[PDB]
Amino acid sequence: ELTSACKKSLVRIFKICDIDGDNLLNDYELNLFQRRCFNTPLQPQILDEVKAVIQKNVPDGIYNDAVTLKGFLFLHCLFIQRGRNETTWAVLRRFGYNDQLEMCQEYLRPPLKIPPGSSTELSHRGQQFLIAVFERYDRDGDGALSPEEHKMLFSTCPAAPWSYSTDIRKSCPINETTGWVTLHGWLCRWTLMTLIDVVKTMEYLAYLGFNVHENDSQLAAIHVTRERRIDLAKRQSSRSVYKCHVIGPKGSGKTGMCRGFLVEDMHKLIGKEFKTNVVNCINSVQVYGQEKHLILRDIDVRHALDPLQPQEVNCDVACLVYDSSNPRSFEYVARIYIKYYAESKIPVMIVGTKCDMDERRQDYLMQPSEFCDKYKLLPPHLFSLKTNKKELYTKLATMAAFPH
Ligand SMILES: N[C@@H](CCO)C(=O)O
Ligand code: NA
């Protein structure tokens with residue numbers, strides 16, 4: 001008696017209402033989500049009468065005064081019969097379903113106008129929800145999601161917002177022992193998505209039941225920030241997520257640099273080949289007592305004569321990487337800083353990779369140290385994976401967060 005489409009909708013609602021991930025709807029959530037749908041508290045005897053019907057008609061449907069999925073599916077399968085289908089509908093309606101039993105548009109994609117210069121970040125409520133969701137699907141209680149638990153978490157979605165093995169595991173901080181995405185990396189991946197694709201973030205937040213849990217639009221999960229001159233405002237809006245475009249020639253080792261931002265032990269990537277193209281890597285660094293997220297975009301390598309798009313040039317801080325151990329490498333960095341960043345307002349950092357081998361002279365006119373001196377840049381940051389030093393990542397974020 002239950003539609004195949006109706007069961008698909010009801011099973012998602014059960015998962016969202018399952019605030020413990022214990023496959024049960026205990027007394028608290030039943031009363032909580034009662035107010036979400038009907039604006040009234042669940043009356044004690046009504047719940048008792050509901051439980052009596054379930055335990056009678058269907059086995060393994062009630063486990064310790066808590067409605068199981070089967071008993072929950074049956075209960076609504078009952079409602080549509082006895083003439084009160086508007087009770088089932090009011091529930092489906094609150095979780096963003098229309099009459100054709102599809103997810104509504106204005107429920108998934110509410111209007112959000114972002115002025116140029118402004119960035120989109122996760123608000124406090126948005127983070128709290130994402131942390132809460134993370135723990136319900138972390139069964140081992142070790143602060144990490146397995147690939148199986150990751151799929152379970154997005155089972156209420158049409159599909160995952162990203163790959164587990166080819167995205168979040170290579171672009172975000174994971175656990176060294178297990179290899180699974182940590183709570184930290186979880187918030188990191190969402191932070192990345194929120195910044196560059198706010199619409200997709202909100203769409204996936206509704207699927208996870210942010211609108212119902214918070215009793216508000218998913219606009220309350222998005223915090224619009226902007227760099228602004230002093231206006232003596234009450235509520236400050238300073239940025240916390242900075243994007244860094246890493247631009248360099250081929251074989252300049254700028255890929256292994258980005259991956260090193262995600263692990264403490266960097267001496268496991270000395271001679272590692274990356275058979276996986278990660279566009280954006282992300283982690284956090286402390287900048288003057290505050291947590292700041294830095295996104296390292298591995299800009300596609302190309303010929304020096306090949307052009308560069310504004311969406312590839314414009315960023316918060318530009319990191320130009322060359323090979324100090326290669327004489328025909330620095331020419332690229334010199335060519336690009338002049339063409340795109342010489343008259344730009346973007347802070348630029350020149351980075352010399354592989355200092356643990358042999359400092360070779362650059363066949364270019366000026367040397368890297370001389371180039372920075374001329375255009376008033378900081379001396380070429382010596383970088384290597386053997387040293388395990390992460391001062392560069394802290395320095396990059398500090399350049400983006402500050403003048404000039
Ligand atoms: N669907 C539940 C309330 C919302 O979870 C019920 O009517 O019993
Ligand atoms: Na529960």
# chains A, B, ... in the order shown; residues from 1 in each chain; ligands from 1
>>> residues_around(residues="segment 372-382 of chain A", least_positions_apart="2", cutoff="12 Å", atoms="only C-alpha atoms", output="ChimeraX atom specification")
/A:257,319-325,330,333-334,337-338,341-343,346-356,359,366-370,384-387,389-393,395-396,399,404
>>> residues_near_ligand(ligand="ligand 1", cutoff="7 Å", atoms="only C-alpha atoms and all ligand atoms", output="tab-separated table (two decimals) with N, CA, C and O atoms, in the first residue's frame")
chain	number	residue	atom	x	y	z
A	17	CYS	N	15.81	12.19	11.05
A	17	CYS	CA	15.21	12.25	12.38
A	17	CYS	C	15.93	11.33	13.37
A	17	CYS	O	15.70	11.41	14.58
A	30	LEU	N	11.14	12.45	18.35
A	30	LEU	CA	9.74	12.34	17.96
A	30	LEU	C	8.94	13.57	18.36
A	30	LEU	O	8.07	14.02	17.62
A	33	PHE	N	10.73	16.89	16.28
A	33	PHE	CA	10.31	17.00	14.88
A	33	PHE	C	8.79	17.08	14.74
A	33	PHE	O	8.28	17.36	13.66
A	34	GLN	N	8.08	16.82	15.83
A	34	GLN	CA	6.64	17.02	15.87
A	34	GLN	C	6.35	18.51	15.78
A	34	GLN	O	5.43	18.93	15.08
A	37	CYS	N	6.98	20.00	12.26
A	37	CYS	CA	5.98	19.72	11.24
A	37	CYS	C	4.59	20.24	11.60
A	37	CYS	O	3.84	20.67	10.72
A	91	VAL	N	4.45	16.19	6.99
A	91	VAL	CA	5.81	15.75	7.31
A	91	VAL	C	6.71	15.83	6.08
A	91	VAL	O	7.80	16.39	6.13
>>> select_by_dssp(residues="segment 22-203 of chain A", states="helix (DSSP H, G or I)", output="PyMOL selection string")
chain A and resi 27-38+44-57+69-79+85-94+105-108+124-136+147-156+164-171+183-196+198-203
>>> residues_around(residues="residue 27 of chain A", least_positions_apart="5", cutoff="10 Å", atoms="only C-alpha atoms", output="JSON, numbers by chain")
{"A": [32, 42, 44, 47, 65, 66, 67]}
>>> residues_near_ligand(ligand="ligand 2", cutoff="7 Å", atoms="only C-alpha atoms and all ligand atoms", output="PyMOL selection string")
chain A and resi 18-26
>>> residues_around(residues="residue 242 of chain A", least_positions_apart="2", cutoff="12 Å", atoms="only C-alpha atoms", output="ChimeraX atom specification")
/A:118-121,191-192,195-196,225-227,238-240,244-245,280-285,287,291-297,315-318,393-394,396-402
>>> residues_around(residues="segment 93-108 of chain A", least_positions_apart="4", cutoff="12 Å", atoms="only C-alpha atoms", output="ChimeraX atom specification")
/A:3-17,33-39,85-89,112,156-158,198-213,215-219
>>> write_last_selection(atoms="C-alpha atoms", output="PDB file, in the first residue's frame")
ATOM      1  CA  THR A   3       4.328   3.911  -3.042  1.00  0.00           C
ATOM      2  CA  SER A   4       7.908   3.179  -4.116  1.00  0.00           C
ATOM      3  CA  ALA A   5       8.476   6.934  -4.287  1.00  0.00           C
ATOM      4  CA  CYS A   6       6.851   7.513  -0.897  1.00  0.00           C
ATOM      5  CA  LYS A   7       9.093   4.934   0.764  1.00  0.00           C
ATOM      6  CA  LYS A   8      12.143   6.625  -0.760  1.00  0.00           C
ATOM      7  CA  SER A   9      11.052   9.902   0.821  1.00  0.00           C
ATOM      8  CA  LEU A  10      10.105   8.414   4.194  1.00  0.00           C
ATOM      9  CA  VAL A  11      13.351   6.469   4.604  1.00  0.00           C
ATOM     10  CA  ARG A  12      15.338   9.686   4.151  1.00  0.00           C
ATOM     11  CA  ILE A  13      13.218  11.423   6.789  1.00  0.00           C
ATOM     12  CA  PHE A  14      13.823   8.562   9.235  1.00  0.00           C
ATOM     13  CA  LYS A  15      17.589   8.936   8.817  1.00  0.00           C
ATOM     14  CA  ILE A  16      17.443  12.701   9.339  1.00  0.00           C
ATOM     15  CA  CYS A  17      15.211  12.252  12.385  1.00  0.00           C
ATOM     16  CA  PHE A  33      10.312  17.003  14.883  1.00  0.00           C
ATOM     17  CA  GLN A  34       6.641  17.018  15.868  1.00  0.00           C
ATOM     18  CA  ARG A  35       7.009  20.749  16.463  1.00  0.00           C
ATOM     19  CA  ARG A  36       8.928  21.094  13.202  1.00  0.00           C
ATOM     20  CA  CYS A  37       5.977  19.719  11.237  1.00  0.00           C
ATOM     21  CA  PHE A  38       2.886  20.537  13.308  1.00  0.00           C
ATOM     22  CA  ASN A  39       4.047  23.365  15.612  1.00  0.00           C
ATOM     23  CA  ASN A  85      -3.001  11.588   4.377  1.00  0.00           C
ATOM     24  CA  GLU A  86      -2.485  15.268   5.204  1.00  0.00           C
ATOM     25  CA  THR A  87      -0.635  14.154   8.336  1.00  0.00           C
ATOM     26  CA  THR A  88       1.904  12.243   6.249  1.00  0.00           C
ATOM     27  CA  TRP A  89       1.955  15.106   3.746  1.00  0.00           C
ATOM     28  CA  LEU A 112      21.493  34.431  -2.048  1.00  0.00           C
ATOM     29  CA  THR A 156      19.854  10.953   1.852  1.00  0.00           C
ATOM     30  CA  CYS A 157      21.338  12.655  -1.206  1.00  0.00           C
ATOM     31  CA  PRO A 158      20.995  11.811  -4.932  1.00  0.00           C
ATOM     32  CA  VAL A 198      27.837  28.049  -2.199  1.00  0.00           C
ATOM     33  CA  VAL A 199      24.733  26.966  -4.143  1.00  0.00           C
ATOM     34  CA  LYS A 200      25.839  23.324  -4.100  1.00  0.00           C
ATOM     35  CA  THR A 201      26.547  23.562  -0.367  1.00  0.00           C
ATOM     36  CA  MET A 202      23.052  24.782   0.494  1.00  0.00           C
ATOM     37  CA  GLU A 203      21.506  22.191  -1.826  1.00  0.00           C
ATOM     38  CA  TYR A 204      23.302  19.396   0.023  1.00  0.00           C
ATOM     39  CA  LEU A 205      22.522  20.943   3.409  1.00  0.00           C
ATOM     40  CA  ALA A 206      18.788  20.689   2.737  1.00  0.00           C
ATOM     41  CA  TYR A 207      19.214  17.052   1.693  1.00  0.00           C
ATOM     42  CA  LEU A 208      20.873  16.351   5.044  1.00  0.00           C
ATOM     43  CA  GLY A 209      18.002  18.115   6.789  1.00  0.00           C
ATOM     44  CA  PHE A 210      19.572  21.408   7.838  1.00  0.00           C
ATOM     45  CA  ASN A 211      16.301  23.268   7.298  1.00  0.00           C
ATOM     46  CA  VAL A 212      14.440  20.945   9.661  1.00  0.00           C
ATOM     47  CA  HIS A 213      17.117  20.615  12.360  1.00  0.00           C
ATOM     48  CA  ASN A 215      14.167  25.352  11.893  1.00  0.00           C
ATOM     49  CA  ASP A 216      15.418  27.940   9.406  1.00  0.00           C
ATOM     50  CA  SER A 217      16.537  28.466   5.815  1.00  0.00           C
ATOM     51  CA  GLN A 218      19.971  27.115   4.890  1.00  0.00           C
ATOM     52  CA  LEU A 219      20.947  30.772   4.495  1.00  0.00           C
TER      53      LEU A 219
END
